[PDB]
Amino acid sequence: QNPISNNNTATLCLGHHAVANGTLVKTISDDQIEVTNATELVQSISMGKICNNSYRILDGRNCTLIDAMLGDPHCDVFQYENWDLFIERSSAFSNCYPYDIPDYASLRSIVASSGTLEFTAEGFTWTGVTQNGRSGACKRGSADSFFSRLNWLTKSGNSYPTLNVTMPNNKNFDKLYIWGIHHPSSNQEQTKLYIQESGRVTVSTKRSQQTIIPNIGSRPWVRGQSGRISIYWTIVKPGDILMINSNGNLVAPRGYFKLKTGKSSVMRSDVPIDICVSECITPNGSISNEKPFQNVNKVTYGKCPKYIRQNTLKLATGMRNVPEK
């Protein structure tokens, strides 16, 4: 009751700090509660550009990975390339002979993962047939041309004999063989190019085979051609053999691609490639990977935060904030 504290007494108070401007977080007890400090755990901002200093980034510009492979004339700059990540632009196009690839997606996946377009030419013998067939739909500069990695075979004189060739794999790695079949526009065209009325391609190893018939009919003009080619691949394993038997319509390989078990891939984006630092890439550009989570894109490559729906998650980095007065 005495206003002046005693000399024989003292007061001791215990307390904790508080800051002027707190910040709201969520707990198990509270929708919102104010803490002294907190951290953002979700990355929502990308750099707007793809950094090319950590991984080898290859800009495909006007070319799809597949076109670069086959040897589409306007993709000639991509010969023997290798990458960690290949960028396919939306504006990309094809400018050679019209084609399709049954299971296109798989072949793209395989090559993208391999991470290389190393190509060794092999000396196949095509006894008794015309080689290096070309088209006006596939201009190499001024000249009619064809896919650089493919060999369009036709009759010589008045015949097209039964082709039967072999190619053994005496190397320490898997060979990838890209080959195809041609589909003419009419029976008249079929017998004009191949003599036989029913073409036939058989490609085989010791324990596997693929057998294809050509398709005949009128189709829409693509760069002046109603004919088409279908693409096929074959993996020959070390110790195995490659065999090709055909009585017509064969679009022959020129050699093989080296297959690797790599860490590579392919990504679709229209975002510019630029010098900077980053170990994680998305279609929206490189992103920082300090934060455990990211809200930028479900498609990622490299050392990436996990993608989640939420644009923000706040983690308390301090105590409940109870301001003065």
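Residue positions are given as counts along the sequence shown, with the first one as 1.
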{"property": "162 to 170 set against 242 to 250, stretch whose average Cα temperature factor tops the other in the entry", "result": "162 to 170"}
{"property": "53 to 61 versus 23 to 31 - which carries the larger mean C-alpha B factor in the record", "result": "53 to 61"}
{"property": "Residue with highest C-alpha B-factor in the PDB entry, from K155, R108, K139, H183", "result": "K139"}
{"property": "Ranked C-alpha temperature factor of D72 among modelled chain residues, by third", "result": "middle"}
{"property": "Modelled-residue ranking by C-alpha temperature factor, third containing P292", "result": "lowest"}
{"property": "Third of chain Cα B-factors occupied by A143", "result": "highest"}
{"property": "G217, C-alpha B-factor rank within chain (lowest, middle or highest third)", "result": "middle"}
{"property": "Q210 - which third its CA temperature factor falls in, relative to the rest of the chain", "result": "middle"}
